[PDB]
Amino acid sequence: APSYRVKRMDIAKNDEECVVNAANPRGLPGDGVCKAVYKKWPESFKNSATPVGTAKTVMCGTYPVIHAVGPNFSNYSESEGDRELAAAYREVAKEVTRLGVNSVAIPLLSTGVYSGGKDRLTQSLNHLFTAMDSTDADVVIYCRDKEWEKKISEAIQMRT
Amino acid sequence: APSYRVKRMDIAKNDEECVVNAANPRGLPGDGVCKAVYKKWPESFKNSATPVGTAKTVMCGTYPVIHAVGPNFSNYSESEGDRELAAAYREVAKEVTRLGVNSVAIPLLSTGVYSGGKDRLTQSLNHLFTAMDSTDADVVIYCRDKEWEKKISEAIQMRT
Amino acid sequence: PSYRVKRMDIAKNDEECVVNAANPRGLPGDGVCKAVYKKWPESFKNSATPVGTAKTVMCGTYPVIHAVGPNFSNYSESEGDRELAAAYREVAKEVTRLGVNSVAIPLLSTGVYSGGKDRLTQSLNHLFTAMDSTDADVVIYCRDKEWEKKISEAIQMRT
Amino acid sequence: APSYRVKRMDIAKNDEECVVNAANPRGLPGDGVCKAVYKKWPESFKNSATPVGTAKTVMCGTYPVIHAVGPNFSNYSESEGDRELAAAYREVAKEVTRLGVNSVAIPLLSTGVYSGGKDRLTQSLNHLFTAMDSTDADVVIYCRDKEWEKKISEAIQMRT
Ligand SMILES: CC(C)Cc1cc(C(=O)O)[nH]c(=O)n1
Ligand SMILES: CC(C)Cc1cc(C(=O)O)[nH]c(=O)n1
Ligand SMILES: CC(C)Cc1cc(C(=O)O)[nH]c(=O)n1
Ligand SMILES: CC(C)Cc1cc(C(=O)O)[nH]c(=O)n1
């Protein structure tokens with residue numbers, strides 16, 4: 001019985017079986033979720049580079065870390081960006097399957113420094129749901145804001 | 001004359017002035033010891049969320065429940081987890097002291113589903129002693145395994 | 001009451017009794033408590049006493065006053081200040097009851113019980129306040145050069 | 001089956017059951033590996049002084065820090081320094097065995113500011129192998145230079 005969940009804290013401080021990193025295409029430390037991921041899991045960044053709209057697993061010991069590269073909407077148009085964001089989440093779902101875990105911590109890709117100024121909560125979350133709906137894992141979504149916790153909560157409740 | 005004792009029984013039926021819950025950061029029911037604590041004192045889980053390495057007290061009536069959150073060693077390194085386990089027990093001693101109680105019931109934190117498949121009896125117990133040695137409360141340690149009871153009892157005996 | 005300070009091991013004091021910076025469970029512990037345990041081990045027989053209290057146990061005829069200051073890691077600043085005053089108050093009572101002319105005393109709650117905070121002034125002010133009620137010579141023991149200078153100044157500006 | 005591995009990262013974020021500090025015989029914080037170690041485990045430097053060619057374990061909570069003092073080759077002759085470097089690793093092996101740990105994080109001793117201006121990758125690594133081959137522990141070697149990572153990896157693989 002796979003479920004969707006949402007919790008307001010640092011995604012590094014998680015009690016799920018794996019984590020998705022909001023990564024850049026060069027696999028460098030960056031900022032945001034990527035900083036906290038580089039702090040708690042620096043070993044995961046070895047050969048973590050992968051193109052925009054793709055994902056890549058690097059295990060640090062026993063806990064898998066999936067580097068998902070959403071588009072930077074400063075470089076991408078809204079049209080082309082939307083395709084790449086869908087593509088990134090598609091590979092996250094695959095990696096949650098193709099590896100084969102039971103739970104996953106996942107941030108909303110392209111909703112911070114890659115957002116290009118715009119609020120992309122609903123956009124990113126809908127691409128998250130679309131891709132992850134074909135997986136067996138318990139999904140848990142992370143963020144630093146309470147408004148965002150409530151709006152993600154209502155999103156989850158009104159589809160169940 | 002403050003003492004340490006060990007009892008092999010359900011901590012939900014303790015004979016002490018407060019109880020430590022082996023809690024998760026989400027203040028959810030959980031499983032095992034955390035489930036039995038939720039069954040006996042359900043209303044103590046209102047706003048009981050507190051991060052790893054901390055303890056938060058919530059009253060069930062006037063009976064204090066100290067929600068102590070040890071690290072999950074599946075998701076923490078040996079180094080970082082050891083530091084957070086020490087911090088969790090330190091905050092338990094803080095809360096026992098704040099409440100003014102003469103006795104406290106306590107489980108061994110990070111020793112079950114949070115142990116990362118490692119025997120952490122000695123690790124958890126030494127952090128417990130280290131924290132609680134500066135308090136004047138009677139401490140009763142609760143376990144379920146008969147062998148663990150023996151090894152905990154021996155550890156208590158060779159301090160005096 | 002007189003007041004002095006010396007930078008040396010309190011286990012080698014030259015006073016008629018000693019105050020142990022004790023823990024509530026009567027355990028040998030570390031720091032000043034360990035040194036006290038090495039020189040006067042038999043004074044730790046039933047030496048456990050609650051926070052903010054003192055209990056005298058004789059080693060031969062030499063009284064060891066086990067005073068338990070609060071660990072400021074466990075106590076709030078409010079409750080810890082009250083318990084620190086209570087510990088020193090219990091010491092002064094025992095010094096009066098024993099009838100000693102002198103006493104060796106450390107600064108309670110200033111080391112591993114400090115909660116990462118400088119409590120020289122706090123502990124010393126509770127010391128003065130409690131130990132002014134006796135007429136015994138008080139000798140304070142530390143191991144830091146800085147502490148010795150600060151403790152000296154606080155004695156002189158109250159003469 | 002115990003392995004040797006190499007990771008190019010800060011040893012202070014290791015995922016092993018204990019760490020070897022590249023130390024000085026004074027027991028002082030220093031620079032390089034020693035600084036990072038001092039920042040993560042400062043209480044392990046309490047009475048950590050140990051002579052050149054020896055190692056000394058100081059606990060930080062329950063996490064062992066093994067202070068190992070390789071020779072400064074600026075001060076030593078090539079033959080005497082070689083003897084002291086080998087001895088230091090021998091003492092590391094003893095501590096690892098005595099602690100009963102399943103794994104250890106270790107730097108290459110005498111290869112930076114103690115190198116005397118020479119490349120001692122092969123010299124130091126072979127003394128490490130000689131000592132640690134008699135232990136049951138997984139060994140993870142930590143370095144910072146990309147090249148050194150490759151050469152250490154090659155050296156590991158051509159033994160198996
Ligand atoms: C290191 C980071 C700048 C890379 C990043 C940031 C976001 C974001 O803005 O949430 N999303 C993403 O897919 N990648
Ligand atoms: C709901 C529980 C899974 C949370 C928990 C379990 C232990 C334990 O394994 O004993 N410790 C702890 O601090 N917290
Ligand atoms: C065995 C010790 C940890 C007990 C102790 C330490 C201090 C202190 O930190 O000076 N004060 C005190 O009253 N008791
Ligand atoms: C504080 C540090 C200067 C001490 C040090 C440095 C090296 C080294 O050069 O890698 N090796 C060693 O055994 N000890």
# chains A, B, ... in the order shown; residues from 1 in each chain; ligands from 1

$ residues_near_ligand --ligand "ligand 4" --cutoff "10 Å" --atoms "only C-alpha atoms and all ligand atoms" --output "ChimeraX atom specification"
/D:20-35,52-55,67-73,84-85,88-89,107-117,120,124,143

$ residues_around --residues "segment 63-67 of chain C" --least-positions-apart "2" --cutoff "7 Å" --atoms "only C-alpha atoms" --output "list in words"
residues 17, 18, 19, 20, 21, 22, 43, 47, 53, 54, 55, 56, 57, 58, 59, 61, 69, 87 and 91 of chain C

$ write_last_selection --atoms "N, CA, C and O atoms" --output "CSV table (one decimal), in the first residue's frame"
chain,number,residue,atom,x,y,z
C,17,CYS,N,39.1,21.0,57.1
C,17,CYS,CA,38.2,20.1,56.3
C,17,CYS,C,38.2,20.5,54.9
C,17,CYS,O,38.8,21.5,54.5
C,18,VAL,N,37.6,19.7,54.0
C,18,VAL,CA,37.5,19.9,52.6
C,18,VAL,C,36.1,19.8,52.1
C,18,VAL,O,35.3,19.1,52.7
C,19,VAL,N,35.8,20.6,51.1
C,19,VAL,CA,34.5,20.5,50.4
C,19,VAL,C,34.8,19.8,49.1
C,19,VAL,O,35.7,20.2,48.3
C,20,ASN,N,34.1,18.7,48.8
C,20,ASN,CA,34.2,18.0,47.6
C,20,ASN,C,33.1,18.6,46.6
C,20,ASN,O,32.0,18.7,47.0
C,21,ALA,N,33.5,18.9,45.4
C,21,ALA,CA,32.6,19.2,44.3
C,21,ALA,C,32.0,17.9,43.8
C,21,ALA,O,32.5,17.3,42.9
C,22,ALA,N,30.9,17.5,44.5
C,22,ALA,CA,30.4,16.1,44.3
C,22,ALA,C,29.3,16.0,43.2
C,22,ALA,O,28.7,17.0,42.8
C,43,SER,N,35.6,8.4,52.6
C,43,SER,CA,34.6,9.5,52.6
C,43,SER,C,33.5,9.3,51.6
C,43,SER,O,32.5,10.0,51.7
C,47,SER,N,28.0,8.6,50.3
C,47,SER,CA,28.2,10.1,50.0
C,47,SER,C,27.2,10.7,49.1
C,47,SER,O,27.1,11.9,48.9
C,53,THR,N,22.4,20.1,48.0
C,53,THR,CA,22.6,19.7,49.3
C,53,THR,C,24.0,19.4,49.6
C,53,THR,O,24.8,19.2,48.7
C,54,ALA,N,24.4,19.2,50.9
C,54,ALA,CA,25.7,18.8,51.3
C,54,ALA,C,25.6,17.7,52.3
C,54,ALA,O,24.6,17.7,53.1
C,55,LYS,N,26.5,16.7,52.3
C,55,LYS,CA,26.6,15.6,53.3
C,55,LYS,C,28.0,15.4,53.7
C,55,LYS,O,28.9,15.1,52.9
C,56,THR,N,28.3,15.5,55.0
C,56,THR,CA,29.6,15.3,55.5
C,56,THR,C,29.8,13.8,55.9
C,56,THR,O,29.0,13.2,56.5
C,57,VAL,N,30.9,13.3,55.4
C,57,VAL,CA,31.4,11.9,55.7
C,57,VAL,C,32.8,12.0,56.2
C,57,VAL,O,33.7,12.6,55.5
C,58,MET,N,33.1,11.4,57.3
C,58,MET,CA,34.5,11.5,57.9
C,58,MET,C,35.4,10.5,57.2
C,58,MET,O,35.0,9.4,56.9
C,59,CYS,N,36.6,10.9,57.0
C,59,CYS,CA,37.7,10.1,56.6
C,59,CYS,C,38.7,10.1,57.8
C,59,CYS,O,39.4,11.1,58.0
C,61,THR,N,39.1,11.2,61.2
C,61,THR,CA,38.4,12.4,61.8
C,61,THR,C,38.4,13.6,60.8
C,61,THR,O,37.9,14.7,61.3
C,69,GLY,N,26.6,20.7,43.5
C,69,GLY,CA,26.1,21.8,42.7
C,69,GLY,C,25.3,21.3,41.5
C,69,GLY,O,25.5,20.2,41.1
C,87,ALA,N,23.3,24.7,47.7
C,87,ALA,CA,24.5,23.8,47.9
C,87,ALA,C,25.5,24.5,48.9
C,87,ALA,O,25.9,24.0,49.9
C,91,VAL,N,26.7,23.8,52.8
C,91,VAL,CA,28.2,23.8,53.2
C,91,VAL,C,28.4,24.6,54.5
C,91,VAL,O,29.1,24.2,55.4

$ closest_atom_pairs --of "chain C" --to "chain B" --cutoff "8 Å" --atoms "only C-alpha atoms" --output "tab-separated table"
residue	atom	partner	partner_atom	distance
C:23	CA	B:134	CA	6.0
C:24	CA	B:136	CA	5.3
C:25	CA	B:2	CA	5.5
C:26	CA	B:1	CA	7.9
C:27	CA	B:160	CA	7.8
C:46	CA	B:1	CA	7.5
C:48	CA	B:1	CA	5.3
C:49	CA	B:1	CA	6.5
C:50	CA	B:136	CA	5.6
C:51	CA	B:136	CA	6.6
C:71	CA	B:134	CA	6.6
C:73	CA	B:94	CA	6.8
C:74	CA	B:94	CA	3.9
C:75	CA	B:97	CA	6.2
C:76	CA	B:98	CA	7.3

$ write_last_selection --atoms "N, CA, C and O atoms" --output "PDB file, in the first residue's frame"
ATOM      1  N   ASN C  23      29.036  14.761  42.820  1.00  0.00           N
ATOM      2  CA  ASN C  23      27.878  14.442  41.978  1.00  0.00           C
ATOM      3  C   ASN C  23      26.774  13.860  42.868  1.00  0.00           C
ATOM      4  O   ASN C  23      27.061  13.378  43.972  1.00  0.00           O
ATOM      5  N   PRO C  24      25.507  13.908  42.402  1.00  0.00           N
ATOM      6  CA  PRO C  24      24.398  13.475  43.264  1.00  0.00           C
ATOM      7  C   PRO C  24      24.341  11.981  43.620  1.00  0.00           C
ATOM      8  O   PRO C  24      23.665  11.617  44.585  1.00  0.00           O
ATOM      9  N   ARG C  25      25.047  11.144  42.863  1.00  0.00           N
ATOM     10  CA  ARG C  25      25.009   9.687  43.031  1.00  0.00           C
ATOM     11  C   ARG C  25      26.147   9.131  43.890  1.00  0.00           C
ATOM     12  O   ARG C  25      26.208   7.924  44.103  1.00  0.00           O
ATOM     13  N   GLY C  26      27.038  10.003  44.367  1.00  0.00           N
ATOM     14  CA  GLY C  26      28.184   9.596  45.178  1.00  0.00           C
ATOM     15  C   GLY C  26      29.297   8.878  44.428  1.00  0.00           C
ATOM     16  O   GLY C  26      30.132   8.223  45.053  1.00  0.00           O
ATOM     17  N   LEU C  27      29.327   9.004  43.101  1.00  0.00           N
ATOM     18  CA  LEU C  27      30.329   8.320  42.282  1.00  0.00           C
ATOM     19  C   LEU C  27      31.674   9.067  42.313  1.00  0.00           C
ATOM     20  O   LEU C  27      31.691  10.292  42.451  1.00  0.00           O
ATOM     21  N   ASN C  46      28.405   5.978  51.234  1.00  0.00           N
ATOM     22  CA  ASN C  46      27.093   6.641  51.340  1.00  0.00           C
ATOM     23  C   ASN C  46      27.213   8.170  51.260  1.00  0.00           C
ATOM     24  O   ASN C  46      26.642   8.897  52.080  1.00  0.00           O
ATOM     25  N   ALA C  48      26.333   9.840  48.462  1.00  0.00           N
ATOM     26  CA  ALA C  48      25.268  10.315  47.573  1.00  0.00           C
ATOM     27  C   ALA C  48      24.333  11.248  48.335  1.00  0.00           C
ATOM     28  O   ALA C  48      23.928  10.949  49.457  1.00  0.00           O
ATOM     29  N   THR C  49      24.041  12.397  47.731  1.00  0.00           N
ATOM     30  CA  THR C  49      23.147  13.389  48.311  1.00  0.00           C
ATOM     31  C   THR C  49      22.549  14.190  47.138  1.00  0.00           C
ATOM     32  O   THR C  49      23.211  14.338  46.111  1.00  0.00           O
ATOM     33  N   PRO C  50      21.294  14.667  47.260  1.00  0.00           N
ATOM     34  CA  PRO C  50      20.692  15.332  46.083  1.00  0.00           C
ATOM     35  C   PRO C  50      21.333  16.670  45.706  1.00  0.00           C
ATOM     36  O   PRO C  50      22.050  17.269  46.501  1.00  0.00           O
ATOM     37  N   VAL C  51      21.043  17.132  44.491  1.00  0.00           N
ATOM     38  CA  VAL C  51      21.534  18.421  44.006  1.00  0.00           C
ATOM     39  C   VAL C  51      21.075  19.522  44.965  1.00  0.00           C
ATOM     40  O   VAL C  51      19.953  19.478  45.480  1.00  0.00           O
ATOM     41  N   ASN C  71      24.323  20.756  37.644  1.00  0.00           N
ATOM     42  CA  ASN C  71      24.879  20.729  36.303  1.00  0.00           C
ATOM     43  C   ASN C  71      24.013  21.661  35.455  1.00  0.00           C
ATOM     44  O   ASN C  71      22.853  21.354  35.179  1.00  0.00           O
ATOM     45  N   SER C  73      24.059  22.118  32.359  1.00  0.00           N
ATOM     46  CA  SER C  73      23.541  21.411  31.179  1.00  0.00           C
ATOM     47  C   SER C  73      22.125  20.860  31.403  1.00  0.00           C
ATOM     48  O   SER C  73      21.346  20.774  30.453  1.00  0.00           O
ATOM     49  N   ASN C  74      21.808  20.481  32.644  1.00  0.00           N
ATOM     50  CA  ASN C  74      20.499  19.907  33.000  1.00  0.00           C
ATOM     51  C   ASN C  74      19.500  20.950  33.517  1.00  0.00           C
ATOM     52  O   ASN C  74      18.317  20.890  33.183  1.00  0.00           O
ATOM     53  N   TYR C  75      19.973  21.880  34.346  1.00  0.00           N
ATOM     54  CA  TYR C  75      19.112  22.896  34.973  1.00  0.00           C
ATOM     55  C   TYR C  75      18.960  24.150  34.108  1.00  0.00           C
ATOM     56  O   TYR C  75      19.870  24.512  33.363  1.00  0.00           O
ATOM     57  N   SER C  76      17.811  24.814  34.239  1.00  0.00           N
ATOM     58  CA  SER C  76      17.634  26.168  33.708  1.00  0.00           C
ATOM     59  C   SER C  76      18.486  27.138  34.519  1.00  0.00           C
ATOM     60  O   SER C  76      18.896  26.824  35.647  1.00  0.00           O
TER      61      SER C  76
END

$ atom_distance --atom1 "atom CA of residue 75 of chain A" --atom2 "atom CA of residue 121 of chain A"
19.0 Å

$ residues_near_ligand --ligand "ligand 3" --cutoff "7 Å" --atoms "only C-alpha atoms and all ligand atoms" --output "MDAnalysis selection string"
chainID C and resid 21:23 28:31 33 67:70 107:114

$ interface_residues --of "chain A" --to "chain D" --cutoff "9 Å" --atoms "only C-alpha atoms" --output "PyMOL selection string"
chain A and resi 39-43+46+60-61

$ write_last_selection --atoms "N, CA, C and O atoms" --output "PDB file, in the first residue's frame"
ATOM      1  N   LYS A  39      26.893  18.097   2.358  1.00  0.00           N
ATOM      2  CA  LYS A  39      27.345  18.060   3.756  1.00  0.00           C
ATOM      3  C   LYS A  39      27.185  16.670   4.371  1.00  0.00           C
ATOM      4  O   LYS A  39      28.138  16.115   4.917  1.00  0.00           O
ATOM      5  N   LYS A  40      25.982  16.094   4.265  1.00  0.00           N
ATOM      6  CA  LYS A  40      25.690  14.775   4.894  1.00  0.00           C
ATOM      7  C   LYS A  40      26.210  13.600   4.053  1.00  0.00           C
ATOM      8  O   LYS A  40      26.511  12.547   4.648  1.00  0.00           O
ATOM      9  N   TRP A  41      26.312  13.769   2.731  1.00  0.00           N
ATOM     10  CA  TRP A  41      26.748  12.683   1.832  1.00  0.00           C
ATOM     11  C   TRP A  41      27.746  13.167   0.756  1.00  0.00           C
ATOM     12  O   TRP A  41      27.429  13.146  -0.437  1.00  0.00           O
ATOM     13  N   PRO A  42      28.959  13.597   1.166  1.00  0.00           N
ATOM     14  CA  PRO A  42      29.967  14.050   0.186  1.00  0.00           C
ATOM     15  C   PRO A  42      30.474  12.965  -0.775  1.00  0.00           C
ATOM     16  O   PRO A  42      30.853  13.280  -1.906  1.00  0.00           O
ATOM     17  N   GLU A  43      30.500  11.713  -0.316  1.00  0.00           N
ATOM     18  CA  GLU A  43      30.869  10.560  -1.162  1.00  0.00           C
ATOM     19  C   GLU A  43      29.945  10.337  -2.378  1.00  0.00           C
ATOM     20  O   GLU A  43      30.389   9.795  -3.396  1.00  0.00           O
ATOM     21  N   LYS A  46      30.894  11.753  -6.302  1.00  0.00           N
ATOM     22  CA  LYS A  46      31.864  11.154  -7.223  1.00  0.00           C
ATOM     23  C   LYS A  46      31.137  10.659  -8.477  1.00  0.00           C
ATOM     24  O   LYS A  46      30.262   9.789  -8.383  1.00  0.00           O
ATOM     25  N   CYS A  60      26.396   5.870  -1.194  1.00  0.00           N
ATOM     26  CA  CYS A  60      27.423   6.142  -0.216  1.00  0.00           C
ATOM     27  C   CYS A  60      27.183   5.042   0.786  1.00  0.00           C
ATOM     28  O   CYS A  60      26.376   5.174   1.690  1.00  0.00           O
ATOM     29  N   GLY A  61      27.969   3.987   0.686  1.00  0.00           N
ATOM     30  CA  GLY A  61      27.760   2.862   1.570  1.00  0.00           C
ATOM     31  C   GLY A  61      26.426   2.174   1.349  1.00  0.00           C
ATOM     32  O   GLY A  61      26.170   1.611   0.291  1.00  0.00           O
TER      33      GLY A  61
END

$ closest_residue --among "D:142, D:87, D:76, D:157" --to "residue 130 of chain D" --atoms "only C-alpha atoms"
D:87

$ decode --residues "segment 41-65 of chain D" --atoms "N, CA, C and O atoms" --output "PDB file, in the first residue's frame"
ATOM      1  N   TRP D  41      36.144  16.309  16.221  1.00  0.00           N
ATOM      2  CA  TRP D  41      36.306  15.557  17.470  1.00  0.00           C
ATOM      3  C   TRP D  41      37.292  16.243  18.439  1.00  0.00           C
ATOM      4  O   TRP D  41      38.301  15.644  18.824  1.00  0.00           O
ATOM      5  N   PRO D  42      36.994  17.493  18.857  1.00  0.00           N
ATOM      6  CA  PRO D  42      37.951  18.255  19.685  1.00  0.00           C
ATOM      7  C   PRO D  42      38.319  17.610  21.027  1.00  0.00           C
ATOM      8  O   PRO D  42      39.452  17.761  21.479  1.00  0.00           O
ATOM      9  N   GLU D  43      37.386  16.872  21.629  1.00  0.00           N
ATOM     10  CA  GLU D  43      37.629  16.213  22.924  1.00  0.00           C
ATOM     11  C   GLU D  43      38.546  14.977  22.818  1.00  0.00           C
ATOM     12  O   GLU D  43      39.044  14.497  23.839  1.00  0.00           O
ATOM     13  N   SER D  44      38.787  14.486  21.596  1.00  0.00           N
ATOM     14  CA  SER D  44      39.820  13.461  21.363  1.00  0.00           C
ATOM     15  C   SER D  44      41.264  13.981  21.493  1.00  0.00           C
ATOM     16  O   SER D  44      42.201  13.181  21.509  1.00  0.00           O
ATOM     17  N   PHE D  45      41.450  15.301  21.559  1.00  0.00           N
ATOM     18  CA  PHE D  45      42.783  15.885  21.741  1.00  0.00           C
ATOM     19  C   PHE D  45      43.192  16.058  23.212  1.00  0.00           C
ATOM     20  O   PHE D  45      44.298  16.524  23.488  1.00  0.00           O
ATOM     21  N   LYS D  46      42.325  15.668  24.150  1.00  0.00           N
ATOM     22  CA  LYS D  46      42.695  15.613  25.567  1.00  0.00           C
ATOM     23  C   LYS D  46      43.764  14.539  25.786  1.00  0.00           C
ATOM     24  O   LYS D  46      43.495  13.346  25.619  1.00  0.00           O
ATOM     25  N   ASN D  47      44.975  14.979  26.140  1.00  0.00           N
ATOM     26  CA  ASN D  47      46.121  14.092  26.360  1.00  0.00           C
ATOM     27  C   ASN D  47      46.359  13.140  25.176  1.00  0.00           C
ATOM     28  O   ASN D  47      46.537  11.941  25.363  1.00  0.00           O
ATOM     29  N   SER D  48      46.350  13.691  23.965  1.00  0.00           N
ATOM     30  CA  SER D  48      46.573  12.910  22.736  1.00  0.00           C
ATOM     31  C   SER D  48      48.041  12.841  22.288  1.00  0.00           C
ATOM     32  O   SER D  48      48.356  12.143  21.318  1.00  0.00           O
ATOM     33  N   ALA D  49      48.930  13.550  22.986  1.00  0.00           N
ATOM     34  CA  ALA D  49      50.357  13.541  22.659  1.00  0.00           C
ATOM     35  C   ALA D  49      50.914  12.123  22.703  1.00  0.00           C
ATOM     36  O   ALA D  49      50.640  11.367  23.637  1.00  0.00           O
ATOM     37  N   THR D  50      51.666  11.760  21.665  1.00  0.00           N
ATOM     38  CA  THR D  50      52.296  10.450  21.581  1.00  0.00           C
ATOM     39  C   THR D  50      53.539  10.582  20.690  1.00  0.00           C
ATOM     40  O   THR D  50      53.527  11.390  19.761  1.00  0.00           O
ATOM     41  N   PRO D  51      54.623   9.834  20.987  1.00  0.00           N
ATOM     42  CA  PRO D  51      55.860  10.114  20.242  1.00  0.00           C
ATOM     43  C   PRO D  51      55.818   9.728  18.764  1.00  0.00           C
ATOM     44  O   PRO D  51      54.923   8.988  18.329  1.00  0.00           O
ATOM     45  N   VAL D  52      56.794  10.231  18.011  1.00  0.00           N
ATOM     46  CA  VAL D  52      56.933   9.912  16.592  1.00  0.00           C
ATOM     47  C   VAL D  52      57.050   8.394  16.466  1.00  0.00           C
ATOM     48  O   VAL D  52      57.751   7.761  17.257  1.00  0.00           O
ATOM     49  N   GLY D  53      56.346   7.824  15.491  1.00  0.00           N
ATOM     50  CA  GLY D  53      56.350   6.383  15.260  1.00  0.00           C
ATOM     51  C   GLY D  53      55.428   5.578  16.160  1.00  0.00           C
ATOM     52  O   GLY D  53      55.552   4.352  16.227  1.00  0.00           O
ATOM     53  N   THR D  54      54.501   6.256  16.838  1.00  0.00           N
ATOM     54  CA  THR D  54      53.534   5.603  17.716  1.00  0.00           C
ATOM     55  C   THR D  54      52.132   6.079  17.389  1.00  0.00           C
ATOM     56  O   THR D  54      51.938   7.012  16.595  1.00  0.00           O
ATOM     57  N   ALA D  55      51.160   5.413  18.005  1.00  0.00           N
ATOM     58  CA  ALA D  55      49.765   5.799  17.897  1.00  0.00           C
ATOM     59  C   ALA D  55      49.070   5.655  19.243  1.00  0.00           C
ATOM     60  O   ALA D  55      49.409   4.777  20.034  1.00  0.00           O
ATOM     61  N   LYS D  56      48.105   6.530  19.488  1.00  0.00           N
ATOM     62  CA  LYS D  56      47.402   6.583  20.760  1.00  0.00           C
ATOM     63  C   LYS D  56      45.935   6.865  20.498  1.00  0.00           C
ATOM     64  O   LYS D  56      45.602   7.818  19.786  1.00  0.00           O
ATOM     65  N   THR D  57      45.063   6.050  21.093  1.00  0.00           N
ATOM     66  CA  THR D  57      43.623   6.194  20.910  1.00  0.00           C
ATOM     67  C   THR D  57      43.035   7.049  22.029  1.00  0.00           C
ATOM     68  O   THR D  57      43.286   6.783  23.203  1.00  0.00           O
ATOM     69  N   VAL D  58      42.265   8.070  21.651  1.00  0.00           N
ATOM     70  CA  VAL D  58      41.457   8.834  22.593  1.00  0.00           C
ATOM     71  C   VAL D  58      40.017   8.798  22.101  1.00  0.00           C
ATOM     72  O   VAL D  58      39.743   9.047  20.920  1.00  0.00           O
ATOM     73  N   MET D  59      39.102   8.486  23.015  1.00  0.00           N
ATOM     74  CA  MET D  59      37.688   8.346  22.686  1.00  0.00           C
ATOM     75  C   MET D  59      37.030   9.714  22.620  1.00  0.00           C
ATOM     76  O   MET D  59      37.304  10.578  23.452  1.00  0.00           O
ATOM     77  N   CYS D  60      36.182   9.907  21.614  1.00  0.00           N
ATOM     78  CA  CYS D  60      35.275  11.048  21.548  1.00  0.00           C
ATOM     79  C   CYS D  60      33.862  10.472  21.641  1.00  0.00           C
ATOM     80  O   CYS D  60      33.308  10.000  20.647  1.00  0.00           O
ATOM     81  N   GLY D  61      33.303  10.479  22.848  1.00  0.00           N
ATOM     82  CA  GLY D  61      32.108   9.689  23.152  1.00  0.00           C
ATOM     83  C   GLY D  61      32.499   8.222  23.123  1.00  0.00           C
ATOM     84  O   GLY D  61      33.371   7.806  23.887  1.00  0.00           O
ATOM     85  N   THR D  62      31.879   7.442  22.236  1.00  0.00           N
ATOM     86  CA  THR D  62      32.333   6.071  21.953  1.00  0.00           C
ATOM     87  C   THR D  62      33.081   5.947  20.615  1.00  0.00           C
ATOM     88  O   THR D  62      33.460   4.839  20.237  1.00  0.00           O
ATOM     89  N   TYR D  63      33.298   7.063  19.910  1.00  0.00           N
ATOM     90  CA  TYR D  63      33.983   7.042  18.616  1.00  0.00           C
ATOM     91  C   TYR D  63      35.501   7.164  18.832  1.00  0.00           C
ATOM     92  O   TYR D  63      35.965   8.204  19.308  1.00  0.00           O
ATOM     93  N   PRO D  64      36.277   6.102  18.503  1.00  0.00           N
ATOM     94  CA  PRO D  64      37.723   6.181  18.738  1.00  0.00           C
ATOM     95  C   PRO D  64      38.455   7.025  17.697  1.00  0.00           C
ATOM     96  O   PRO D  64      38.228   6.856  16.500  1.00  0.00           O
ATOM     97  N   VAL D  65      39.317   7.926  18.167  1.00  0.00           N
ATOM     98  CA  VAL D  65      40.246   8.660  17.300  1.00  0.00           C
ATOM     99  C   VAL D  65      41.646   8.135  17.597  1.00  0.00           C
ATOM    100  O   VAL D  65      42.113   8.232  18.736  1.00  0.00           O
TER     101      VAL D  65
END
